[PDB]
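Below: the structure, in structure tokens.
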Amino acid sequence: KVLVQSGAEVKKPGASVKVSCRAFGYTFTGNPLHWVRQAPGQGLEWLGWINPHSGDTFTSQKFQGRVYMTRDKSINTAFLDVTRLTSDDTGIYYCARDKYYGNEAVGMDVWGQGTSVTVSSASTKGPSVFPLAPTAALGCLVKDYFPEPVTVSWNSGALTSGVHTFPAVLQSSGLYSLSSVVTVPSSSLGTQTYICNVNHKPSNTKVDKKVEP
Amino acid sequence: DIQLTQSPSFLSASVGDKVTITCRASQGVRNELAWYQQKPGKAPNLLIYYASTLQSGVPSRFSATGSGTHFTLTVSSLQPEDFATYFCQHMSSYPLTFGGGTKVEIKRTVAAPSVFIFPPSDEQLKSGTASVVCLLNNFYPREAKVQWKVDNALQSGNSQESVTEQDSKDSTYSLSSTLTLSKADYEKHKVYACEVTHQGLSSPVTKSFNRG
Amino acid sequence: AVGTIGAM
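Chains as they are written, first to last, in this note's numbering: chain G, 1 to 213; chain V, 1001 to 1212; chain W, 2001 to 2008.
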């Protein structure tokens, strides 16, 4: 039925992360659990799988001695320990149940929402918000923040049509920066007030920049 | 290991088209193969296992076949929901391996980008850095090439691009380019141009602003 | 297919 994973994690190089994964709606000890990761923009990489009933594991050879699968049956939760992290481990980590028909791998049936793991030396930085004043297009510039993510929204969620919030880009400073833009009627820019909201939750930074001509 | 090659990697097709994806296995994987569909932002979803058996809840338009080292997945008539990235996976030996993926994109009519330039904000300029932003809005297909000219001089230095995913309603793309300079460098010049090249532009379009 | 982690 459902696999629920723990929240996003930000770690410095050489540190360790412990992702957790809890099972709902089926017998936790009736199916193997796979662990699969995906680097930003890339394909899928198998890490290993675990027999939750016995705790037996096979860890993918590339990660043996560095990645550890465990489980706590009393709370239907599986654990993945990734140690000695480098930037090559940044990405989203999924747990996935196998159908396991015939006591044998068949296919990954149920997936968790995924856990984001960022490996970087950068320190937590609140974003700077700058107006991108002017068929009428305006926007907000969210610059020099760490870590991901930030949420934008325009006029507290009312304005939603011609909105384009771009994927953040990682600069050489190790910091992120993105832009959110909207296309508005060629002229409503004297009556209508446009305010982009910016929520950088890791920094407790909320900013409402009024974009005026 | 044991690699899976997916062909093609990128595919454009319009709604209602019949399309076929190919997975080739470096070694024999008798029948023990699965197909997944992943949309941006989600975990993958299982479509096919045993190389040809549909997973519960998968619409009948999906079908797949394959023997040993050659596998194919087919959609009889594409739908808006079917546009995503597809992965094959084998489970014949350790480690389990996925294919590189096939991104299936909506084919639509050629649309040219609407170009807008934004001079830096005074608050940013007071902070010591200047970012000039060029926006290419709602275009198709996906290359767009942007060129920056400060004082008519080609700026093959440092600038960044960022592309959205294909729009759910338009099936178009959007792009923002960001040229970053110092306050002293921004104030030492006057013109700032943004030259946009695209299939929908018979001649590249230029958008510039003065001051700074 | 692979199934070394046991039976369930």
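From the three backbone atoms N, C-alpha and C, an ideal C-beta is built for every residue, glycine too.
CB contact below 7 Å: residue i versus chain G
i	result
residue 1257(V)	Chain V is shown only over 1001 to 1212; residue 1257(V) falls outside these bounds and no answer can be derived.
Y1049(V)	yes
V1133(V)	yes
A1130(V)	no
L1201(V)	no
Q1079(V)	no
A1064(V)	no
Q1155(V)	no
Between the CA atoms of residue j and residue i - distance to the nearest angstrom
i	j	result
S1012(V)	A1111(V)	15 Å
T29(G)	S1171(V)	44 Å
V106(G)	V2(G)	18 Å
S20(G)	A1130(V)	43 Å
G174(G)	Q1027(V)	41 Å
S179(G)	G157(G)	17 Å
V17(G)	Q1160(V)	31 Å
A1193(V)	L1154(V)	10 Å
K62(G)	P1095(V)	9 Å
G1068(V)	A122(G)	47 Å
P1113(V)	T1005(V)	34 Å
residue 1265(V)	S161(G)	In this structure chain V extends from 1001 to 1212, so residue 1265(V) is not present and cannot be described.
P32(G)	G43(G)	22 Å
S60(G)	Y68(G)	10 Å
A1025(V)	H1198(V)	37 Å
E148(G)	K73(G)	32 Å
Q192(G)	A1051(V)	56 Å
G41(G)	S1093(V)	26 Å
Element boundaries [beta strand (DSSP E), containing residue i]
i	result
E1187(V)	Careful: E1187(V) lies outside any beta strand (DSSP E), inside the alpha helix (DSSP H) at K1183 to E1187.
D98(G)	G91 to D98
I1106(V)	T1102 to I1106
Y101(G)	Looking at the DSSP string, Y101(G) is not in any beta strand (DSSP E), and its letter there is neither H nor E.
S116(G)	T115 to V119
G1066(V)	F1062 to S1067
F130(G)	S128 to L132
residue 1218(V)	For residue 1218(V) there is no data in the structure shown, the boundaries of chain V being 1001 and 1212.
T151(G)	Careful: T151(G) lies outside any beta strand (DSSP E) and carries neither H nor E.
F1087(V)	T1085 to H1090
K18(G)	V17 to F24
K1190(V)	Where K1190(V) is concerned, there is no enclosing beta strand (DSSP E), given that its DSSP letter is neither H nor E.
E9(G)	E9 to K11
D81(G)	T77 to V82
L3(G)	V2 to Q5
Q38(G)	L33 to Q38
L1073(V)	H1070 to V1075
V1115(V)	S1114 to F1118
Chain V within 7 Å of residue i, Cβ atoms only
i	result
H200(G)	no
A2007(W)	no
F130(G)	yes
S203(G)	no
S179(G)	yes
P167(G)	yes
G114(G)	yes
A23(G)	no
Collapsed DSSP secondary structure at residue i in the structure displayed
i	result
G139(G)	strand
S180(G)	strand
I1048(V)	strand
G48(G)	strand
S187(G)	coil
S1208(V)	strand
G157(G)	helix
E1165(V)	coil
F63(G)	helix
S203(G)	helix
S1177(V)	strand
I1021(V)	strand
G112(G)	strand
residue 1215(V)	Nothing can be reported for residue 1215(V), as the shown portion of chain V is limited to 1001 through 1212.
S74(G)	helix
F166(G)	coil
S1156(V)	coil
Residue i: first and last residue of the uninterrupted alpha helix (DSSP H) it sits in
i	result
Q1038(V)	Note, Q1038(V): premise wrong, no alpha helix (DSSP H); beta strand (DSSP E) at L1033 to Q1038.
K1126(V)	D1122 to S1127
Any non-hydrogen atom of the ligand NAD closer than 6 Å to residue i Cβ
i	result
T83(G)	This structure lacks the ligand NAD, and indeed carries no ligand of any kind.
Residue-level contact to chain W via CB, residue i, 7 Å cutoff
i	result
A96(G)	no
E1032(V)	yes
Handout entry: chain W contacts from the stretch 1087 to 1109 of chain V (Cβ-Cβ distance under 7 Å)
Key = Considering only beta carbons, the part of the stretch 1087 to 1109 of chain V lying closer than 7 Å to chain W consists of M1091, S1092, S1093 and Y1094, in chain order.
Problem - Short-range partners of chain W found in the stretch 29 to 60 of chain G, where Cβ spacing is below 8 Å - result: Here the close residues are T29, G30, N31, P32, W49, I50, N51, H53, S54, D56, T57 and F58.
Problem - Contact list for the stretch 1113 to 1124 of chain V against chain G, Cβ threshold 8 Å - result: Residues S1114, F1116, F1118, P1120, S1121, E1123 and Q1124.
Practice task
Can you give me, in chain order, the residues of the stretch 82 to 112 of chain G that have a beta carbon less than 9 Å from any beta carbon in chain W?
Solution key: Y100, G102, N103, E104, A105 and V106
Practice task
Could you run through the stretch 1163 to 1187 of chain V and flag, in chain order, every residue whose CB is less than 9 Å away from some CB of chain G?
Solution key: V1163, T1164, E1165, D1167, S1174, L1175, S1176, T1178 and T1180
Exercise for the section: Output, in sequence order along the chain, the residues in the stretch 143 to 162 of chain G whose CB is closer than 8 Å to any CB in chain V. Expected result: When CB distances to chain V are screened at a threshold of 8 Å, the residues of the stretch 143 to 162 of chain G falling below it are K143, in chain order.
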